[PDB]
Trainee: 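The structure under discussion is supplied below as structure tokens; questions concerning it will follow.
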Amino acid sequence: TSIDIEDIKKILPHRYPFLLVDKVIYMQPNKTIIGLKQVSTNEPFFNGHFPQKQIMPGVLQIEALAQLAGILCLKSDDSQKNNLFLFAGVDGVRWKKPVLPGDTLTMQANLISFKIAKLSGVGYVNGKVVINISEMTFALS
Amino acid sequence: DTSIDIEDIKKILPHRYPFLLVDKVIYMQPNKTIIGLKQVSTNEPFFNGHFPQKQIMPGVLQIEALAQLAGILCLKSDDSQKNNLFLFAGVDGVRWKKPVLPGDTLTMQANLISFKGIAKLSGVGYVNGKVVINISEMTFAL
Amino acid sequence: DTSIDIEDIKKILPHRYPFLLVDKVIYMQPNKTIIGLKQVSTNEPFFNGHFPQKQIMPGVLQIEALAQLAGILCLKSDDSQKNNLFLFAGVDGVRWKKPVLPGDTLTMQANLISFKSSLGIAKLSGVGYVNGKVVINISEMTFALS
Amino acid sequence: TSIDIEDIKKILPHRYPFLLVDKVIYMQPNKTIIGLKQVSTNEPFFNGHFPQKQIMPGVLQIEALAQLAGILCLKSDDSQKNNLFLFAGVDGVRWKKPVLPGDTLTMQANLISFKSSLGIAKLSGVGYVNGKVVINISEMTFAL
Amino acid sequence: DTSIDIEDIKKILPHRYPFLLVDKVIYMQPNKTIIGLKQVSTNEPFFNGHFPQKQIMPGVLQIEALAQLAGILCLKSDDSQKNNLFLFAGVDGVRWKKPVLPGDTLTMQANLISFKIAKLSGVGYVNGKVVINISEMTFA
Amino acid sequence: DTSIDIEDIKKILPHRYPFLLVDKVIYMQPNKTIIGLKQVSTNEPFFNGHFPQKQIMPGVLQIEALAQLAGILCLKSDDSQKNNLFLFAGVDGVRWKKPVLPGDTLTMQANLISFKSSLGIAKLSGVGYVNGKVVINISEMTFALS
Ligand SMILES: Clc1cccc(COc2ccc(Cl)c3cccnc23)c1
């Protein structure tokens, strides 16, 4: 079920400057989620990273995916009345290609286990893989 | 032709954050037309104020994005006057047709009409192949 | 002669930092005209980008200022629809004459021309001044109640 | 003489979001300076002070007068080629009236003493909205 | 544990970002003394302005932080006056001794002198060292 | 001493506000280990969005923090290459044990494992502490010299 940006902030507690999901285009509960984060020069981190070369910081690509991952969790089982999810561990992260101003970062997250929730995440720009995440781990606290 | 990425955009335009609204230039023909894009993310400083309860890209910011793209065109068309500080002099016939929202790609084209400094240009911006804004005439001064 | 202060403007308008650009409303007549001001300070977030070597108020933000003021008038002329989300639908005949600089007071007047409850079509003209002298002219602003 | 913001930036090292003089309207070397700071809703401190009632922080009023005091010093004597001035002391500050968005804060600073090249300048300062005193300062002391 | 973490400070002070300058209250004695801290990081908004080539914490922001700390003590000392919007009315005998820099832990103590109309003293330390003295902060 | 203060950090790292997350280097030994710290203040811009109701230091930023300290060690161990623009190639074995909060001092250690300046390729391990106690652990941080 497709989601525009007002409804994301109803699920997630993240606000500016640390909401890194712009749209949710496809979601299947307990299974997968697809979404995007538009990379514009008009974002606050870009001045710091870097003055002479504007490149999306890798860690913020993790955060992006992790957030989209967390939307899936909250919409797969919100029985625990808590939207405050905390990153507990992350493993097998590979950055292949610089994400630059102008790109669309398309993102896919797959639920492995919900016991502590564990997920994987891929990031595409132009159908080409830019980030890989073997395993994001999350523990609503 | 060749794409002018952002680092090279900042070498042409004097605009900086939080008022640089052109992310990439995909095609430019000197003295004629220019196509650019602006990626609209929730991670932009203006969104918290427009509006807290419904994030919509201010319409005047779309004009500003288009007028900056038009400005790139002018400076590469004739830099004989190597002053990059161009000021908006007039704008005419602006119609916004659809809300530009976070998640969108604002695709933009500007068209040089006349040039002498005084230059005139038309602008159009699209999201998903659909017209979001039209500008008959942007007028500019050196 | 109602004097409206930033807290009460924040009750009318859904705009917030950094895109609220009316600081005060000095005169308002419902269904007719509104006069207000915006103080122009170096200490605004837009000025670092426009421009590094020469701070000048972006003309579009002068458009926005006058629009927001105009939209105040609209919501105090007719709030029967309790929606405060007005979008810009069209603008026509905009002339910038003088540069608006840090230190200036931007006195603004918007006049209501037509108000159609058909589509939510309100139409307004707008003039901005610094020191009694015209800095911006707008022949027609068109707005759409969402 | 009147001084624009562009020239203010030539004299003062202060940059956004800590430059609090928008215009110098009258200056006399070695004696007195007059200047203004336009107070808009569109400043980054206003969200923090305070969400529910927007009041210009008093310490920022002190800063604004201090920056204006600073300009006068640098134009009264720039034999010391150093624009980086440090507040060393402040005495006799009184806030009378809340400074609000939409106000013009007109400021005046009066040089009291200058030790040329110990770098110790002393000055007084007053701030006004609408002809009415909003801030008094008995003595700013600076480390040049 | 006689202290107050950030979430609890925000229930006391109306101040928010970018003008909340107390991170943690480590000791407090009602009607007497308050000890607090503020961590000084390059990643703070004011440091780009002051100064581009030499990051120094604005002295007035040292005054503001101490005053904020003093403000918590007042309110926890007597909240019968049901108002958390305190205004600075005056400040006296402020002396800056040393620059405060990114990386320092600004440790601050404010001492209540008189109430009802509140007057207090303030001292700031980096590494035991006195960075700022305030003889008298006046509140109403 | 072996202490680099913020000014010298900014000569080594290209990072600026709001993405410079090493405040001070307290001990460094070239080609081996580095100890630095990041001061956690409520007066940082990320805290407003993470989270409104509960200010917690984004875990990812704790990675960046460590990686930037890792980078300082690499650029001082070997600056053969006239390039300070290090990109994160991959990260591995990250655990977050305890929330980092406004008021904490994040004390950080990164250790060099392997370096081949032939390619411009380095690997590092990292641990973050608050009050002597572990808050973050990182098995492997991999970085490219681009
Ligand atoms: Cl006109 C003006 C100028 C500067 C600061 C202020 C008020 O500062 C405060 C507000 C709220 C609280 Cl609860 C405080 C507490 C302590 C110190 N200052 C406080 C008023």
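Chain letters run A, B, ... following the sequence lines, proteins first, then strands; residues in each count from 1. As the structure lists them, so they are numbered: ligands from 1, and atoms in each ligand from 1. Side chains are part of it too, since the values below use all heavy atoms of this structure and drop only hydrogens, waters and symmetry mates.
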Trainee: Does atom NZ (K76(E)) have a neighbourhood of more than 12 heavy atoms from anything else shown, all under 6.0 Å?
Mentor: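 No.
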Trainee: Is it the case that the ring center of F139(E) lies less than 6.0 angstrom away from the ring center of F88(E)?
Mentor: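 Yes, the ring centres sit under 6.0 Å apart.
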Trainee: Tabulating one pair per line, provide the atom names and distances (0.1 Å) for every N/O atom of ligand 1 that is less than 3.5 Å from a protein N/O atom.
Mentor:
unit_1: ligand 1; atom_1: 8 (O); unit_2: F86(E); atom_2: O; d: 3.4

Trainee: Are the side chain of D23(E) and the backbone of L37(E) linked by a donor-acceptor contact shorter than 3.5 Å?
Mentor: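 Checked: no pair found.
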Trainee: Quick one: closest heavy-atom pair of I6(F) and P102(E), and the distance?
Mentor: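 Residues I6(F) and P102(E), closest heavy atoms: CG2-CG, 3.7 Å.
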Trainee: Taking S40(D) for the side chain and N42(D) for the main chain, is one N or O donor matched with an acceptor at less than 3.5 Å?
Mentor: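 Pair found, side chain donor or acceptor close to backbone of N42(D).
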Trainee: Flag yes if more than 12 heavy atoms outside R94(D) fall under 6.0 Å of its CZ atom; otherwise flag no.
Mentor: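 Atom CZ in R94(D) is not packed in, count stays at 12 or less.
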